[PDB]
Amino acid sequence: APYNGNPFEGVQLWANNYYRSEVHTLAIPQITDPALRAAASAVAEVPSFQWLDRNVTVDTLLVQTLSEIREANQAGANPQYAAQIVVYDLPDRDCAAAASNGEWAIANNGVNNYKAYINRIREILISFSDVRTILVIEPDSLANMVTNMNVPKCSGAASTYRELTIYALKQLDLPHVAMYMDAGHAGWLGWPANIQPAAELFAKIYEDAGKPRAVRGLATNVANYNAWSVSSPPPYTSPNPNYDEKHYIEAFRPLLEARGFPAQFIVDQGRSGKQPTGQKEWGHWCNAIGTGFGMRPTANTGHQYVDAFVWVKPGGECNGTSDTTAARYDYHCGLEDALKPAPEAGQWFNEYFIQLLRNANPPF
């Protein structure tokens, strides 16, 4: 069914069974403290995004989640449930990273692979038109075109990133869908030197895709730890005047809007409840210590440019291994402020889940 306006209005957000199963089968059996067990049970009910970060998730997880939401809705959920999905499988993924877990390469049929993936997602979303579906498009993609064009892999991938982003925006432009393109975070694109070039890029992409109706705007702070709004700059932010997501968005939106894209925002707060964090530097993104579960997902943001506070990166799923000998080891995961020992990316990291619970704000 179609919708008008903020896609988070008029619906409840579904808490998916993948994250719920992680908490109940992997986390809780390792927790003996009664209060931490009850807190863990509560966090399993908080609705976070489900990531299509490997092709095999499309005909498994996506179908299962949509099917379960349809069942719940037909069983009288009121308001009806909506889905929250991340599209995250560009070829030559994460072009500026030390290592990437992306499965596809431009040199090994990756363009065709990606187009087919988007096409299959489109078929499934059409099947499940009755389930309003909110998408984050490709974290750690186009932000690289703003600041990392000096990196050979990024320069070589840029036309592909742009073309395939446009492809997804047009193919997924369906009446029951909303899309938010990833736009980095305050400590990446929010630096004053980067903010106008970033606005130029995202507004051009939006134009070149034909300003698809389903595109609501941009997502920020995905898989990062930034504050929404704090009174004092965390020490690792200096001297960026845009030291939280509110400052970033308030500076960013006017530049985007003058360029034709009056973007609304969603802001990840799933690991933002403790401020400042235990990061020693802003660019230390992997399994950062001293972080907490943050404000609960809601459409009631109170801010004119923010459609929702969300939990995009699910807390407890590892950002990368601390094993320096692993094939896809990223040195960020070995830093002094990265919790260790850490399993492979995507594996449940229970010590990190417990950290998030202990530092949760609001508490569980």
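Each residue number is its position in the shown sequence, starting from 1.
The mean C-alpha temperature factor is higher for 101-109 when 101-109 and 261-269 are set side by side. Between 68-76 and 123-131, it is 68-76 that carries the larger average Cα temperature factor according to the deposited entry. Within the listed group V46, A38, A338, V58, the record reports its top CA B-factor for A38. Residue-level temperature factors show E163 in the middle third of its chain, judged at the C-alpha atom. Among the modelled residues of its chain, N240 has a C-alpha B-factor that falls in the highest third, as given in the PDB entry. Placement of the Cα temperature factor of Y329 within the chain: highest third of the modelled residues, per the deposited record. When the modelled residues of the chain are ordered by their C-alpha B factor, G294 lands in the middle third.
In the PDB entry, a CA B factor belonging to the highest third of its chain's modelled residues is recorded for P234.
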